[PDB]
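Residue numbers (full-length UniProt numbering), protein chains in the order written: chain A, 10 to 111; chain B, 36 to 480; chain C, 1 to 78; chain D, 34 to 453.
The structure is reproduced here in C-alpha cells:
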C-alpha cells in the first residue's frame, strides 16, 4: 500500500488514458440521475471548465489525436471536484430509499 | 401526559331539554369571552322550489329589526358592547351566532330571544334586500369555486330538493313576498328543531334560566299539522361542463356518494382524505410532501391547487376532490387523482394510515380551538347526531382504523362507482364521462 | 424659438417620441430589440365588490402581517 | 386551572416563557427581531426569501427529513412575519412535540443555505408576491409604508422585482448571523413545562453575541403615491405620524381608531356607531367602505383614514371622512361614544387572545417589546384609564401633521394632499 500501490495507481492512471485527452477523473463518469443532479449542483466556473474539457476531448477524439505530453493531466494535480456533490446526492437518495422502505 | 387522558381533561358539554323541546347545550372554559348561537334545521333542502331563496332572504333580514327594537337600535345593542353578530345558512343548518363578553351574557340572550321569534319584515327592507341579494349573486357567480360546488350539487342530486342553491334562482328573488317569508318562519323556526349552544365563560344553569325566561314561548305547534318530511335524495352519476375559454384556468370537481353523518365509516373516509390531503401553489415543502398526488403535482407542475372534501347531509353526501389547474394538464391531473383513489382501494399500507390518522387527530383537536368553533361543533352535533360527541370518543373511533378496513371502506365507496363531475373554464381536455368511469376501476385488480 | 423638443438640447428625443409608420430608405441608428423576457404567473379570477354589504370590512385597519407554511396556504391579514 | 405563565430571562438575553396548559396539543414558537426593518438597500427582499426558505436543509436535518417528519406526526410548521419581527411556530401532539422542537431549532440555528435550493425557490418568491398582491390592500399598505418613511421602515415585506434572482445565500447567512442572535429571541411554549424548554434553549440557542445590528431609526418622510391601474374601486389611505408601542398615547390612538370605526360588528350591517361610515352614508349613495387605520411599531406609528370608494365619487368620500375627523378633533364627541369605543377595543383584544395562535403571538410580542409579560386584566385596566381629552389630543395630532397618501384606481377625481 505504501510502496507500489501508489506507483501502480500512477501507472494505471497513465495506462487508462483519459489524461492524454485533458480530462479529469470525474469528467469520465457516466451520467445517472445522481451524476446529473451532482452536475446540476456544480457552480458555474467548474461547470464551464468541465464542459470545455469534455468538448476538447471530443475534438481530440474526432481527429484521433492526443494532447502533447506536457498538457496531459497530472496524477497529483488531478482534482476530484465532483465527488463531494455526488456523495451528498447519493446520501440523500439513500435517505429517501430507507424512508420508503419503512 | 398521554393523549387519551389529556383529551379526557376537556370539560364536557352539558345538554338539557326545555318543555318546548328546544335543546340548550353549553361548554364551560376559562375564557373571558363567550359565543352563544342558535342553530335551526332550516336550509334549502326544506324548500319546495317556490320559496327556494327564503332562508337566504330571511337571514339577510334577520338583523334589520324586530317588533320591539325598530331597526338600527338593535345594531346599537350589538355595537355598544363590542359583540360580533354573525349568521350563515347551509343547505340544512341555519345559525345565528354572536361573540360577546361574559358580563354581557344575559342581555345578549335577549337578542337571540327576538331574532328567531319576533322578526319584523318592513316592505322597504324587502325590496332593498331584494336588489342587494340580486347584486350579491351577480358578485358571487364570479367565484369559480362556489360555481363549481353549486354545479356539483345540481348535477349530483338532480330533481331533488338538495340540488338547489341556498340563495336560489334569480326569478324567486324577484318573487318572494312578505307572506311567503311569514309561512317559512312559521313552518321552520319551530321549537324542537332549535339548539341554543354556548361556549366559553358560561354556566349551564344561568344559561338555562335565561333560555327558559326568554325562549319559553317558541311555538312547538304546527300550522297545517302536516310534518315536513326530510326525504332521501337520489344521487345521480352524471357530468356538467360549462365551457368558457375566456377564463384563465379551470376548476374541476369530481365526487361520489358518501354515507352522511350517522355512519361511523365516515371517520375512516376522513383518514383516506388525510392520505391525499391538499396542495396549493404557495406551500413550503415542495417535492418532499408526503402526499404522492401533491408530490407529482409539484414535480410536473400539473395543478394550481387541489383539495379533498367529504360533505355530509342527512343519510347522504358527497366525497371527492376539487382541483384548479390550467387547461393543458387537466386530464393528467384526473389520471393521477384517480390513481391515488385506486391505491387507497388496493394497496393501503400501515405507514400512510398512521400518517393520515395523525393528521386527522391534529386537525380535529386544532379545529376545536376557540369558542366559536366549539359552539359551532356543539350546535351542528346536536342538530345532526342529537348529541355532542366528546373528543375522547373521536380518538377511540380514530384509533380503531387500520389499513385493512381502510381499503375495505374505500373499495366500498370509490371502486367501480359512477361519479358526478363538474367543470368550469377551459375544460376541453377534461375527459369524457366514459374515461372517468373507466378510471374508477383497475384491470389489474 | 418654437419646437419645444429642440428647446432642450440633449433632451430632444426624450421629451418626444418618433414612430415610423412607413420606414424609409435610411435606417435609423440603434435599431434596438427587446429581449425575450419572462411571463407573469396566472391567477384565478378574484372577488368583485358590487354592493355595500360585501365591501364592509375590506378597508384596512391594522398593519400588514404575512404568513407562510409548509402545508397550510400562504395568507396575508390586515 | 390554567395556573400561571412562567417567565425567564437568561443572562445571554434569551427569553423563555411557557405555560402549562395540560392541553391535548402543544404550540411552540420562537420570536426573532429579524423583520424587514433590518435591511438596508443592499439586501432588499432577504427576509422574504428567508421566510420562504425556512423549510430547506439544515446542518442537522435535511429538507426531505424536515418535511416528511413534520408531516409524519401531523404537526404544522408556520412562519409569520411583519415589518418588525418574525415568528416560527410548530404545532403538534404533546408526545411528539419534543422532537418537533428539534426541527424548529435547526431552522433557526444551523441553516446550511445551499445555493441550488435558494436558486430553486426564487421562483416561489415571485409566485408568493403575486398571490399576496392579488389583494389591493396589500399594495396600498406597501406603498403607504414606502412613502411614509425614509429608511428602515420603507423596506417592503415582499421582495422587489429586481432583487428576485439577485439574492444569494451569503446575504441570508449574513442576515442570520447578524439578526438571529441570542438577545433578540423569545421562546414561547404552550402545553409544555419549563424544564424541557430550558433544556432545548441550553442545547441549541446559546451561541451568538446578542446585541446584533440596531437599524436606522425610521425617519418620517411624507408625500403621496398615486398608482393608476384601472379597477372599479379606488383605494386611498391618508396617514400621519402617531405614538409608538409602549407610549402612553398608543391606547388613546387605538380608542380613536375604534371610535371612528375599525370593522363591522354585524354581518351585512350598516355601521351605525361608526362615525366615518355615518358621515359617508349620509353623504353618498354608492358602495363604499371607510375605516380608521392604526399601525404602531417599536419607535413610530401611523394613524389615518382608509377609504374604498367609487371612481367618480372618491373626492366626496375622502373629504367627508377627513371632515369627520376634523370635527372630532375640535371636541364634538360624546362620552358614551368613547365608552363604546373602549368596549370595542377591549372586546377585540380579549377575542384576539382567545385562540392558541393569538395567545402565543401576544406572549411573544410582549416578550420582544417590553421583556415583561403582563396579564390581560392589566391591559384592560390601562385601557380604562384613557380619557376623552387624550383622544381629542390624538385627533389633533392626526390633523396637524404631515400626511402621507397612497392611492390606487381611477384617479380622475381623487384629490391631492394640498387639496385636503
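C-beta: ideal position from N, C-alpha, C; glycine also.
In its own chain, which residues sit with a C-beta less than 8 Å from the C-beta of residue 183 of chain B, not counting the 5 before and 5 after it? Sequence index remark: in the second chain, residue 183 of chain B carries index 148 (1-based). Only 286, 287, 288, 357, 457, 458 and 459 meet the Cβ criterion.
For a contact meaning CB atoms closer than 8 Å, what does residue 104 of chain A contact in chain D? Your numbering for residue 104 of chain A matches position 95 in the first chain. By Cβ distance, chain D contributes 95, 97 and 98.
May I ask you to report which of helix, strand or coil DSSP gives residue 244 of chain D? As a working mapping, residue 244 of chain D is identified with position 211 in the fourth chain. The answer is coil: DSSP assigns residue 244 of chain D none of H, G, I, E or B.
Would you decide whether residue 132 of chain D is buried or exposed? Buried here means 16 or more other CB atoms lie within 10 Å of its CB. The residue labelled residue 132 of chain D in the question sits at position 99 within the fourth chain. Exposed, because fewer than 16 other Cβ atoms sit within 10 Å of the Cβ of residue 132 of chain D.
For a cutoff of 8 Å on Cβ pairs, would you count residue 38 of chain B as touching chain D? Translated into positions along the second chain, residue 38 of chain B becomes position 3. So, interface residue.
Please report the residue range of the alpha helix (DSSP H) in which residue 59 of chain A lies. Reading the first chain from its first residue, position 50 is the one you call residue 59 of chain A. Residues 53 to 71.
Check residue 112 of chain D in the structure and name its three-state DSSP category. Along the fourth chain, one-based indexing puts residue 112 of chain D at 79. Strand at residue 112 of chain D.
Three-way DSSP call (helix, strand, coil) for residue 251 of chain B in this model: Looking up residue 251 of chain B in the second chain gives position 216. DSSP places residue 251 of chain B in coil when its eight states are reduced to three.
Please list, in chain order, the chain B residues whose beta carbon lies closer than 8 Å to that of residue 49 of chain C. Within the third chain, residue 49 of chain C is the residue found at index 49, counting from 1. The contacting residues are 174.
Could you tell me whether any Cβ in chain D is nearer than 8 Å to the Cβ of residue 62 of chain C? On the third chain, residue 62 of chain C is found 62 positions in, with the first residue counted as 1. Taking Cβ atoms only, chain D reaches closer than 8 Å to residue 62 of chain C, which makes this a yes.
Run through chain C and tell me which residues come within less than 7 Å of residue 266 of chain D, C-beta to C-beta. Counted from its first residue, the fourth chain places residue 266 of chain D at position 233. What residue 266 of chain D touches in chain C: 49.
Helix, strand or coil at residue 287 of chain D [DSSP, three-state]: Walking along the fourth chain from the start, residue 287 of chain D turns up at place 254. Residue state, collapsed to three classes: helix.
Only counting the same chain, and skipping five residues up and downstream in sequence, which positions put a Cβ closer than 6 Å to that of residue 221 of chain D? Within the fourth chain, residue 221 of chain D is the residue found at index 188, counting from 1. For residue 221 of chain D, where only same-chain residues beyond five positions count, the Cβ hits under 6 Å are 50, 62, 393, 396 and 397.
In this structure, what does DSSP give as the bridge partners for residue 51 of chain C? Reading the third chain from its first residue, position 51 is the one you call residue 51 of chain C. Residue 51 of chain C is not bridged to any residue.
Run through DSSP, which three-state label would residue 17 of chain A get? Reading the first chain from its first residue, position 8 is the one you call residue 17 of chain A. It is helical.
Taking 8 Å as the cut-off, does the region 8 to 25 of chain C touch the region 223 to 241 of chain B (at least 3 CB pairs, one atom from each stretch)? no
Using a Cβ-Cβ cutoff of 7 Å, what residues of the region 57 to 73 of chain B are near chain D? List them in chain order. 65, 66, 67 and 68
DSSP-derived helix/strand/coil call for residue 222 of chain D: As a first step, residue 222 of chain D is located in the fourth chain; it is residue number 189 there, counting from the start. In this structure, residue 222 of chain D counts as strand in the three-state DSSP scheme.
With a threshold of 8 Å between beta-carbons, can residue 303 of chain B be considered close to chain D, or not? The sequence position of residue 303 of chain B within the second chain is 268, counting from 1. Answer no: the Cβ-Cβ gap between residue 303 of chain B and chain D never drops below 8 Å.
Let me check understanding here. Comparing Cα to Cα, which of D:69, D:153, D:102 and D:79 lies closest to residue 118 of chain D? As a working mapping, residue 118 of chain D is identified with position 85 in the fourth chain. Taking only the C-alpha atoms, the option nearest residue 118 of chain D is D:69.
Looking at chain F, is there any beta carbon in it that lies within less than 8 Å of the beta carbon of residue 50 of chain A? Included in the structure are the protein chains A, B, C and D, with no chain F among them.
For residue 94 of chain B, I'd like the list of residues in its chain whose CB is within less than 7 Å of its CB, leaving aside the five on either flank, ordered along the chain. Translated into the one-based positions of the second chain, residue 94 of chain B becomes position 59. Once the five neighbours on either side are set aside, the close Cβ partners of residue 94 of chain B are 122, 124 and 129.
Is the number of C-beta pairs between the region 36 to 56 of chain B and the region 238 to 252 of chain B that are closer than 8 Å three or more? yes
Using 10 angstroms around the beta-carbon of residue 335 of chain B, count the other beta-carbons present and answer buried if the total reaches 16, otherwise exposed. Taking the second chain and counting its residues from 1, the one referred to as residue 335 of chain B is at position 300. By the 10 Å Cβ count, residue 335 of chain B comes out exposed.
Excluding sequence positions up to five away, which residues of its chain have a Cβ less than 7 Å from the Cβ of residue 330 of chain B? Start at 1 with the first residue of the second chain, and residue 330 of chain B comes out as number 295. Within the same chain, residue 330 of chain B has close Cβ partners 322 and 324.
Does the region 34 to 53 of chain D come within contact of the region 336 to 353 of chain D, defined as at least 3 CB pairs closer than 8 Å? no
Helix or strand or just coil, what does DSSP make of residue 206 of chain D? Taking the fourth chain and counting its residues from 1, the one referred to as residue 206 of chain D is at position 173. Of the three classes helix, strand and coil, the one that applies to residue 206 of chain D here is helix, per DSSP.
Tell me whether residue 74 of chain B is buried or exposed, calling it buried when 16 or more other Cβ atoms sit within 10 Å of its Cβ. Along the second chain, read from residue 1 onward, the residue named residue 74 of chain B stands at position 39. That one is buried.
Cβ shell of residue 292 of chain B (< 6 Å), same chain only, five flanking positions each side left out: As a working note, residue 292 of chain B is residue 257 in the second chain. For residue 292 of chain B, where only same-chain residues beyond five positions count, the Cβ hits under 6 Å are 270.
Expressed to the nearest angstrom, what Euclidean distance is found between the alpha-carbon atoms of residue 452 of chain D and residue 66 of chain B? Sequence index remark: in the fourth chain, residue 452 of chain D carries index 419 (1-based). Sequence index remark: in the second chain, residue 66 of chain B carries index 31 (1-based). Cα to Cα, the separation comes out at about 49 Å.
At 4 residues or longer, what runs of the alpha helix (DSSP H) sit wholly inside the region 306 to 337 of chain B? 327 to 334
Neighbouring residues, chain D, relative to residue 108 of chain A (Cβ below 7 Å): Taking the first chain and counting its residues from 1, the one referred to as residue 108 of chain A is at position 99. Going along chain D in sequence order, the residues near residue 108 of chain A (Cβ under 7 Å) are 101.
Test: residue 85 of chain D CB closer than 8 Å to a CB of chain C: Residue numbering aside, residue 85 of chain D sits at position 52 when the fourth chain is read from its first letter. Yes, its Cβ sits closer than 8 Å to a Cβ of chain C.
Starting from residue 53 of chain C, find everything on chain D with Cβ-Cβ shorter than 8 Å and list it in chain order. The residue labelled residue 53 of chain C in the question sits at position 53 within the third chain. Going along chain D in sequence order, the residues near residue 53 of chain C (Cβ under 8 Å) are 301.
For residue 453 of chain B, which three-state DSSP category applies? In the second chain, residue 453 of chain B corresponds to position 418, counting from 1. Looking at residue 453 of chain B - three-state DSSP - the assignment turns out to be coil, as it is neither helix nor strand.
Name, please, each residue of chain C whose Cβ falls closer than 7 Å to the Cβ of residue 295 of chain D. For this step, residue 295 of chain D is matched to residue 262 along the fourth chain. Residues of chain C passing the Cβ test: 61.
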